[PDB]
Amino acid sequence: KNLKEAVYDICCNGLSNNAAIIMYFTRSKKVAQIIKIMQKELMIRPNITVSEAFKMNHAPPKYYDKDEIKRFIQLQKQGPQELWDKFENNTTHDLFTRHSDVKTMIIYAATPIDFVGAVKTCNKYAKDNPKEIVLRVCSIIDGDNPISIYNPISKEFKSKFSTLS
């Protein structure tokens, strides 16, 4: 239900050039082939961009103590400009990175029409494989089409969109 509302909110303004789909895949026998067939099914439709499946690395965890959390808070109360400028963080860990099992795939769509139809397809794989797939939507603050050739398509879609209200 949260996915339907989220996709609705993304489409509401007629623009989807700053949205994304993120999918995380656990390690599995079928996983890489799901990715292959999804990529293919997704891109029989125009305006869709799909990434390669990719890996990630991560550092060790760290818990911040109450005093550190508080001084971040005092710095927050000074607003965006002084949050950025006065932040400093010295914490080091003396260790290597861990290589994760989980694969990730990013999808984009140039217009709301493509976006709805892409999320519905992804949700279809996410439903049929519920143990191996996490599905989320992204709003990129001040984002645009990563593939710049789509820009006239989105701007034009928004144009016609706006005159219809």
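Note that residue numbering begins at 1 and tracks the sequence as displayed.
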Look over 44-52 and 95-103 in the entry and identify the one with the greater average Cα temperature factor.
95-103
Which has the higher mean CA temperature factor in the PDB entry, 59-67 or 116-124?
59-67
Could you say whether, by C-alpha temperature factor, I141 belongs to the lowest, middle or highest third of its chain?
highest
Splitting the chain's C-alpha B-factors into thirds, which one does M23 fall into?
lowest
